[PDB]
Each structure stands twice: as C-alpha cells, then as structure tokens.
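Have a look at the structure below, then the notes.
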Amino acid sequence: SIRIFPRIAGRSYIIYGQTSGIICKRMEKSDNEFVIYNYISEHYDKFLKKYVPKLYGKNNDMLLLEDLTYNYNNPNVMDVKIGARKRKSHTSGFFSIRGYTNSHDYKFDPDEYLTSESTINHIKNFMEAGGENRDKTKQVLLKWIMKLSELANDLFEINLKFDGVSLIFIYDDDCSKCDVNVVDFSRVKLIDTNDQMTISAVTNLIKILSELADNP
Ligand SMILES: O=P(O)(O)O[C@@H]1[C@@H](OP(=O)(O)O)[C@H](OP(=O)(O)O)[C@@H](O)[C@H](O)[C@H]1OP(=O)(O)O
Ligand SMILES: Nc1ncnc2c1ncn2[C@@H]1O[C@H](COP(=O)(O)OP(=O)(O)O)[C@@H](O)[C@H]1O
Ligand SMILES: [Mg+2]
C-alpha cells in the first residue's frame with residue numbers, strides 16, 4: 001500500500017505516489033504551502049517552471065509533487081536551507097546544510113554549527129559518491145552554479161519572504177546528470193520587497209561552489 005519516501009531532512013510525512021514519478025507531501029499545520037504554490041503560479045509563473053518541482057494536484061491534505069529523484073539511477077541528494085530558520089541562526093552563517101545522502105558515514109550532525117572549512121568539507125563529502133573523475137564532478141558544480149546564478153538574479157524581482165525554503169541538490173553517481181530546485185513553501189509569506197537574506201544564502205553557495213570548481 002504505502003511506501004515511505006527516503007527524505008533527506010525536514011519532518012513532513014512524504015510517501016511515494018501510487019503511480020511513477022510522483023511523491024505525496026502532507027500539509028501538516030495549514031494549507032499555506034498550497035496557497036503559495038498557487039500564488040507563485042499566478043504572479044511568477046516563469047520562476048515556478050524553472051526552479052520548483054511541478055505541483056500535479058492536491059488530494060485532501062496531500063500535495064502531488066514531481067519526484068526530483070525519479071530520472072536518476074543513483075541519486076545523491078543534499079537539502080540546504082536557504083530561507084530564514086524559525087529561531088536559530090544558520091549553521092554556516094548564510095545557510096544550513098540540513099542533510100545529504102550518506103551524511104551518517106561522515107558524522108554529519110544537523111545541530112552542529114560549522115566553520116567555513118567544515119562547511120566545505122561536508123559539501124566535498126556529499127560529492128564523494130561522484131567518484132575520482134575530477135572533470136565530471138567539476139561539470140556538476142558548474143551546472144549547479146549556472147542555475148543558482150540565474151536563481152539569485154531572478155530573486156531580486158520576487159516579493160516573497162522565502163522563510164524555511166530549501167535547495168535540493170541532486171547528482172547521479174556517474175555525474176551524467178544533476179539539478180538543483182527550490183522546495184518547501186510551508187512558511188513563505190507575501191512582502192513588499194525582495195528577500196535579501198535568501199539572496200545572500202544563494203550568492204554564498206555560488207561563492208563556495210565556484211571555489212570548489214576552481215580548486216586544483
Ligand atoms: O527553522 P529551523 O531552526 O531550521 O528548525 C525548525 C525548528 O525551529 P527552531 O525553533 O529550532 O529555530 C522547529 O522547532 P519548533 O518551532 O517546533 O520549537 C521545528 O518544528 C521545524 O520542524 C524545524 O525545521 P526543520 O528541521 O526544516 O523540520
Ligand atoms: N519534489 C521533491 N522531490 C524529491 N525529494 C523531495 C521533493 N520535495 C521534498 N523532497 C525531499 O523531502 C525532504 C523534505 O522536503 P521539504 O519540502 O523541505 O519538507 P519539510 O516541510 O518536511 O521540511 C527534502 O530534504 C527532500 O529529501
Ligand atoms: Mg523543509
């Protein structure tokens with residue numbers, strides 16, 4: 001009947017859809033996540049199409065979402081919180097890594113505040129599954145940089161406060177495919193300006209990833 005989806009982070013009930021390519025995410029406390037998907041669709045439809053999993057529909061309290069891991073033979077996933085946290089400061093100052101595929105092997109702890117060096121080391125840990133072909137892993141980094149650059153550029157024109165939103169980074173072990181998308185609109189709010197904190201998270205990630213793609 002019910003297959004639990006292998007979540008990297010967060011607390012919401014998420015299960016595989018009864019059909020291929022879909023996950024079902026329960027809206028726990030309010031339907032705010034649905035209201036915000038609908039609002040972005042009406043006001044910023046190009047943003048939704050480029051950066052966000054497709055919302056196929058709703059069943060009671062369940063969102064039917066595009067499974068971002070579906071087209072991958074061996075997906076590696078990292079959840080980075082880029083929007084404001086509820087109370088805490090970010091573990092990496094401008095963002096918080098929330099989890100990644102195989103993080104347990106590296107003694108990753110989502111409660112641990114990280115130096116710049118430890119932050120970089122966890123991102124390198126996440127990239128270890130991608131293997132020793134430095135050319136192929138560099139290309140994954142560059143394609144993430146391309147899309148995050150455009151996202152940061154685009155965010156200047158969006159009047160939302162992206163509280164609690166995460167970037168879901170995905171690459172295949174063979175490094176033949178990768179993407180990054182924005183998820184988790186449960187705490188997002190309308191405002192009258194752009195979200196500078198969320199833009200700062202994205203530019204900081206671009207800086208770090210650019211250093212990784214350039215290191216010899
Ligand atoms: O916004 P965060 O700091 O990243 O963490 C909140 C946690 O907030 P905080 O109060 O520790 O700042 C929330 O704690 P709560 O508001 O229940 O005391 C928790 O419910 C969310 O699942 C939790 O977020 P989650 O890990 O993305 O599920
Ligand atoms: N569309 C998606 N495709 C694949 N995995 C997803 C998708 N949306 C969420 N996830 C997974 O679920 C986890 C929690 O997602 P999120 O939307 O942040 O829910 P929560 O409200 O529980 O924090 C992410 O870390 C990721 O592993
Ligand atoms: Mg989340």
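FYI, nothing fancy with the structure tokens labels: chains A, B, ... in order, residues from 1 per chain, ligands from 1 as they appear.
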If you take only C-alpha atoms and a cut-off of 6 Å, which residues of range 101-192 of chain A touch range 79-95 of chain A, and what are their nearest atom pairs and distances in Å to one decimal, in chain and number order, as a Markdown table?
```
| residue | atom | partner | partner_atom | distance |
| --- | --- | --- | --- | --- |
| A:113 | CA | A:91 | CA | 4.3 |
| A:114 | CA | A:92 | CA | 5.6 |
| A:162 | CA | A:83 | CA | 5.1 |
| A:163 | CA | A:83 | CA | 4.5 |
| A:164 | CA | A:83 | CA | 4.7 |
| A:165 | CA | A:83 | CA | 4.9 |
| A:166 | CA | A:81 | CA | 4.1 |
| A:167 | CA | A:80 | CA | 5.2 |
| A:168 | CA | A:79 | CA | 4.9 |
```
Discussion item. When you look at residue 17 in chain A with a cut-off of 12 Å (counting only C-alpha atoms), what residues show up, excluding the ones that are within fewer than 5 positions of it in the same chain? I need them as a ChimeraX atom specification.
Written reply: /A:1-5,22-26,56-59,62-67,70
Worksheet entry | Nearest to ligand 3, chosen from A:184, A:132, A:33, A:192, with only C-alpha atoms and all ligand atoms counted in the distances |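 Looking only at the distances to ligand 3, the closest residue turns out to be A:184.
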Practice prompt. Just the strand (DSSP E) stuff from range 77-181 of chain A, please, per backbone DSSP, written as a list in words.
Written response: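 Taking range 77-181 of chain A and keeping strand (DSSP E) gives residues 77, 78, 79, 80, 81, 96, 97, 98, 99, 100, 160, 161, 166, 167, 168, 169, 170, 171, 172, 178, 179, 180 and 181 of chain A.
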Item to complete: Mind giving me the straight-line distance from CA of residue 148 in chain A to CA of residue 203 in chain A in Å, one decimal?
Response: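 Going from CA of residue 148 in chain A over to CA of residue 203 in chain A covers 8.0 Å.
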Write out as an mmCIF file with N, CA and C atoms, in the first residue's frame the residues lying within 10 Å of residue 140 in chain A, counting only C-alpha atoms and excluding same-chain residues fewer than 2 positions away.
```
data_model
loop_
_atom_site.group_PDB
_atom_site.id
_atom_site.type_symbol
_atom_site.label_atom_id
_atom_site.label_comp_id
_atom_site.auth_asym_id
_atom_site.auth_seq_id
_atom_site.Cartn_x
_atom_site.Cartn_y
_atom_site.Cartn_z
ATOM 1 N N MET A 127 29.849 15.146 -2.350
ATOM 2 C CA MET A 127 30.321 14.929 -3.744
ATOM 3 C C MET A 127 31.196 13.662 -3.844
ATOM 4 N N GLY A 130 30.344 10.786 -6.320
ATOM 5 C CA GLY A 130 30.504 11.129 -7.734
ATOM 6 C C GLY A 130 31.850 10.669 -8.289
ATOM 7 N N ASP A 135 37.116 15.959 -13.766
ATOM 8 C CA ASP A 135 36.459 16.623 -14.919
ATOM 9 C C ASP A 135 34.927 16.521 -14.772
ATOM 10 N N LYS A 136 34.406 15.329 -14.500
ATOM 11 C CA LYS A 136 32.949 15.072 -14.418
ATOM 12 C C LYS A 136 32.365 15.767 -13.177
ATOM 13 N N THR A 137 33.039 15.750 -12.038
ATOM 14 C CA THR A 137 32.466 16.382 -10.820
ATOM 15 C C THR A 137 32.482 17.907 -11.028
ATOM 16 N N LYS A 138 33.536 18.448 -11.628
ATOM 17 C CA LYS A 138 33.603 19.894 -11.931
ATOM 18 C C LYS A 138 32.402 20.340 -12.762
ATOM 19 N N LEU A 142 29.611 23.192 -12.023
ATOM 20 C CA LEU A 142 29.395 24.315 -12.969
ATOM 21 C C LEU A 142 27.913 24.400 -13.365
ATOM 22 N N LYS A 143 27.229 23.265 -13.572
ATOM 23 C CA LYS A 143 25.822 23.297 -13.942
ATOM 24 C C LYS A 143 24.969 23.778 -12.740
ATOM 25 N N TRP A 144 25.344 23.428 -11.514
ATOM 26 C CA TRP A 144 24.667 23.976 -10.315
ATOM 27 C C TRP A 144 24.904 25.498 -10.235
ATOM 28 N N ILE A 145 26.128 25.921 -10.466
ATOM 29 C CA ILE A 145 26.487 27.363 -10.446
ATOM 30 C C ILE A 145 25.643 28.094 -11.509
ATOM 31 N N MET A 146 25.541 27.554 -12.689
ATOM 32 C CA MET A 146 24.753 28.188 -13.772
ATOM 33 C C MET A 146 23.310 28.454 -13.297
ATOM 34 N N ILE A 170 20.876 17.558 -6.483
ATOM 35 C CA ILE A 170 20.848 16.127 -6.867
ATOM 36 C C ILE A 170 21.896 15.923 -7.955
ATOM 37 N N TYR A 171 22.699 14.859 -7.835
ATOM 38 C CA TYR A 171 23.554 14.395 -8.945
ATOM 39 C C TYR A 171 23.562 12.869 -8.937
ATOM 40 N N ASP A 172 23.666 12.317 -10.119
ATOM 41 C CA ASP A 172 23.836 10.863 -10.304
ATOM 42 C C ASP A 172 25.288 10.474 -9.997
ATOM 43 N N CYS A 175 27.743 11.083 -12.547
ATOM 44 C CA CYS A 175 27.829 12.527 -12.854
ATOM 45 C C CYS A 175 27.280 12.805 -14.243
ATOM 46 N N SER A 176 26.419 11.950 -14.808
ATOM 47 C CA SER A 176 25.867 12.209 -16.167
ATOM 48 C C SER A 176 24.731 13.242 -16.070
ATOM 49 N N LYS A 177 24.217 13.521 -14.878
ATOM 50 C CA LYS A 177 23.002 14.347 -14.739
ATOM 51 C C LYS A 177 23.002 15.019 -13.360
ATOM 52 N N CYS A 178 22.529 16.246 -13.286
ATOM 53 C CA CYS A 178 22.411 16.915 -11.981
ATOM 54 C C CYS A 178 21.354 18.016 -12.105
ATOM 55 N N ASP A 179 20.874 18.501 -10.964
ATOM 56 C CA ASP A 179 19.953 19.658 -10.930
ATOM 57 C C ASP A 179 19.963 20.207 -9.501
ATOM 58 N N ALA A 213 34.850 24.322 -7.703
ATOM 59 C CA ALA A 213 35.024 24.032 -9.134
ATOM 60 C C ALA A 213 36.386 24.524 -9.628
#
```
